[PDB]
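Everything below concerns the one structure shown next.
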Amino acid sequence: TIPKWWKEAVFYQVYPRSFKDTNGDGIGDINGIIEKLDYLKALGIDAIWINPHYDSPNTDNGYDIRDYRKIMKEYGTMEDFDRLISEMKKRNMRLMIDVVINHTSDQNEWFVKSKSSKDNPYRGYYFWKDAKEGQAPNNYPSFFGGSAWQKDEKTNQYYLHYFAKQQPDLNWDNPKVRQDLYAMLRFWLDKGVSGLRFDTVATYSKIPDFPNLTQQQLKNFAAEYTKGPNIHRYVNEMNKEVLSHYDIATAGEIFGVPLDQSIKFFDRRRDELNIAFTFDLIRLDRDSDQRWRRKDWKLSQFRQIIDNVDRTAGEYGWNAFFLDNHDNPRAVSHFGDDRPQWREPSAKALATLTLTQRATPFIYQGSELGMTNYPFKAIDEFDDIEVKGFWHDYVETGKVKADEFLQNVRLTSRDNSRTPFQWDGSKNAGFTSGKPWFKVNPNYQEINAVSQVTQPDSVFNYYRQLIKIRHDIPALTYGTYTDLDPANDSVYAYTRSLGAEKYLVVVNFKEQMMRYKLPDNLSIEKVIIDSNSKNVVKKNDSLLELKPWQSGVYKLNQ
């Protein structure tokens, strides 16, 4: 085990668009982030990861980049960006930015030139192909709807886009492309950014000759897209030519990658990436074919995935741990219980799990307040292009009924985590003086930052306490992870141990009071923290009485 600031750091993810608006146009901006750095510092955050801040038409809210060297108009200036880095440095905070290089906006200069003629120098920066019998080159489907091939009538060829048609994929097989991307990365790294989070990092390498996908592959095509024969050669090349020249932390969003193949991206000996962002846990209850649909799950399934993810990282890799982010529903709604009676306690329980895993924890803006999913009714209330893609492919084709579709996307939509951060009880929760780009959840009157910061028993302050505890206990970062019983669907319990120091974490996922006898003659030395109190725990206790959703951390004897 080697110590790294990024293994011990508590990260906080900021979705600029919905964090804090400072000029009344309804859109979060960089000055808003700077304005809240003291709030985050009080919380105890060590580093901030911000979603795409580059010039973009926003077909995919920042993930379709028109100019990699320019700040998105709505977010501010290069000046604001440099100030953010500086104000953060002052507070001993490190900044991580989002690197979106699997594709670019179709308004990106390289693509504008690329589509102009078959002989343009930049034609090879993307993937162009002739029709096949007047049809698309092959049967590749797009994550965002319809075919992954878009016809261009000027040149009579189709271009590839795994995501939106406004997001053409870059030709990593072209050396000039890699070199230009490396140059772009150095531009941002030389400004002092401390980390890079790579968006869909495992799809850079395409399949030679683009052969059709089998009928079966069509039901799980992301898995086929991550089989590029040169993905690791490329990630490692990027490490040698760029990454290795700076003291930074790199996270890889390995979308589509099976857990067994994940280690090749993060084994420290391979010189590729540092922190793994896996989907196994966060989308454990998601259908792999109809990717918008959810199904029931049990704690035993949840904890069994955590154990597999932990063992796969093992000795040479490293994991990030999070239960929500901008591409998923809210943690308290998804993994806890967001009803009025259980929201705060279940929220605190997820907080406990999050800050005590053998991994870098990532907290998503607003989840430290227990923000919940938004009550979307009609299909036109969603903003997400992904949602619209699913709606077209599944509802407008008559494959699935609108009501059943909506029942599911209300539970799985990325938009659930994109409603404006709830700062206070004023109009629009204090997010903006204008009109929010996306509607604010009505529950902000009950759930807001100003209210919780001064309340010692608040969700915000529970996170603050847990972040302090993790900072104070090496075992909680580096301690080995052991699940006391992977088949238990009621009480989640595990130990974290480093040398002679051993700690226990427990969460009663049940709505009923539970008595839990510890195994292996384990006994309690002292309570580190617990959501309860009045639930007296004494030295040498080996039986815990847990109230519904109760949770806690204890130091064990020996």
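Please give the charge dipole size of the chain, origin at the Cα centre, charges +1 on K and R Cβ atoms and -1 on D and E Cβ atoms. Round to the nearest 20 debye. Numbers along the way, then the final one.
Values: 76 positive and 77 negative charges, 155 e Å.
About 740 debye.
For segment 484-558, with the dipole built from +1 on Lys and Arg beta-carbon atoms and -1 on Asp and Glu ones, taken about the Cα centre, which of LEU546, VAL536, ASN488 lies farthest toward the positive end?
Final value for the positive-end residue is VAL536.
Distance between the C-alpha centers of segment 431-468 and segment 293-352? Whole Å please.
Here the two parts' Cα centres lie 21 Å apart.
Using Stokes-Einstein with the Kirkwood hydrodynamic radius over Cα pairs, what translational diffusion coefficient do you get for the chain at 4 °C and a viscosity of 1.567 mPa s, in µm²/s rounded to a whole number?
Values: Rh = 24.5 Å.
In µm²/s, the coefficient rounds to 53.
Need the C-alpha centroid separation for segment 179-213 versus segment 398-428, integer Å.
Taking the Cα centre of each part, segment 179-213 and segment 398-428 sit 30 Å apart.
Using only Cα atoms and rounding to the nearest 10 degrees, what angle (0 to 90) does helix 78-90 make with the longest principal axis of the chain?
20
Which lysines does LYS89 reach when only Cα atoms under 29 Å apart count, and residues fewer than 8 places away in its own chain are ignored?
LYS4, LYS7, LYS20, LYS36, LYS41, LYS70, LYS73, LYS191, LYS240, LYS468
Grab the DSSP H runs of the chain that are 4 residues or longer, score each as -39,500 (n - 2.57), total them, divide by all residues and round the 222 nm result to the nearest 500 deg cm²/dmol.
Using -39500 (n - 2.57) per qualifying helix, the result is -7500 deg cm²/dmol.
How far is helix 402-412 tilted off the main Cα axis of the chain, in degrees rounded to 10, range 0 to 90?
Taking the Cα atoms of the chain, the angle to 402-412 is about 60 degrees.
Exceeding 21 Å between C-alpha atoms, which entries from my cross-link table qualify? They are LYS113/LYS154; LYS132/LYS227; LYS151/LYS219. It would help to have the intermediate numbers written out before the result.
Details: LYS113/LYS154 13 Å; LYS132/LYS227 23 Å; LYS151/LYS219 24 Å.
Too far apart for the 21 Å limit: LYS132/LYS227; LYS151/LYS219.
For each of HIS471, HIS245, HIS103, count neighbouring Cβ atoms within 10 Å of the residue's Cβ, then give the residues from fewest to most. Please list the in-between numbers first.
Values: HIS471 16, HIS245 11, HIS103 27.
With the sparsest Cβ surroundings first, the list reads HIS245, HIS471, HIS103.
Quote the relative contact order of the chain in percent (integer), defining contacts as alpha-carbon pairs under 8 Å separated by 6+ residues.
Numbers: 1152 pairs, mean separation 73.7, N = 558.
Result for the chain is 13 percent.
In whole angstrom, how long is each semi-axis of the equivalent ellipsoid of segment 360-509, when you take the square root of 5 times every eigenvalue of its Cα gyration tensor and sort them from largest down?
Working: eigenvalues 259, 121, 30 Å².
Those come to 36, 25, 12 Å.
Any idea how far the Cα center of segment 252-277 sits from the one of segment 471-539, in Å?
29
Put +1 on the Cβ of each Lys and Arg and -1 on the Cβ of each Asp and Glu in the chain; which of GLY430, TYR68, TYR463 then has its Cα farthest toward the positive end of the dipole?
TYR463
May I have the count of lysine pairs in segment 377-457 with C-alpha atoms under 21 Å apart, counting pairs 8 or more residues apart or located on different chains?
Final tally of qualifying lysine pairs is 10.
What do you get for the angle between helix 459-472 and the principal long axis of the chain? Use alpha-carbon atoms, 0 to 90 degrees, nearest ten.
With both axes taken from Cα atoms, the answer is about 80 degrees.
I'm checking a number: the convex hull volume of the Cα atoms of segment 105-174, normalised per residue, in Å³. What is it? Don't skip to the answer; put the middle values down first.
Working: hull volume 5.9 nm³, N = 70.
Residue-normalised Cα hull volume stands at 84 Å³.
Compute the longest continuous run of the chain that contains no exposed GluC sites (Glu not before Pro); treat a site as exposed when its DSSP state is not H, G, I, E or B and it has at most 14 other Cβ atoms within 10 Å.
Values: sites that count: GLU133, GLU153, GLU315, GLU396, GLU446, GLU511.
That gives 154-314 as the longest site-free run.
Of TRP188, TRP5, how do they rank once you tally other Cβ atoms within 10 Å and put the fewest first? Don't jump to the answer; show the numbers that get you there.
Details: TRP188 17, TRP5 14.
Ascending Cβ contact count within 10 Å gives the list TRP5, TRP188.
As an exercise, identify the trypsin sites (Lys or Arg not before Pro) in segment 365-401 lying in DSSP coil whose Cβ has no more than 15 other Cβ atoms within 10 Å. Intermediate values should be presented prior to the final figure.
Numbers: sites: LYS377, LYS388, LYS399, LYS401; in loops: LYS377, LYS399, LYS401.
Qualifying residues, ordered by number: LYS377, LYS399, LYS401.
Treating only the Cβ of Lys, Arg, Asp and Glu as charged (+1, +1, -1, -1), what charge dipole size does segment 105-174 show about its Cα centre? Round to the nearest 20 debye. Present the calculation step by step, with values, prior to reporting the outcome.
Values: 9 positive and 9 negative charges, 19 e Å.
Using only the charged Cβ atoms, the result is roughly 100 debye.
Along the charge dipole of the chain, Cβ charges K/R +1 and D/E -1, which of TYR140, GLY44, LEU189 sits furthest on the positive end?
Value computed over the given set: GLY44.
How high is the relative contact order of segment 105-174? Use alpha-carbon pairs under 8 Å, at least six apart in sequence, and give a whole percent.
It rounds to 32 percent for segment 105-174.
Values quoted throughout were computed directly from the atomic coordinates according to the rules given, and no laboratory measurement underlies them. Every residue, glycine as well, gets a Cβ built from its backbone with ideal geometry; the counts of neighbours run over all protein chains shown.
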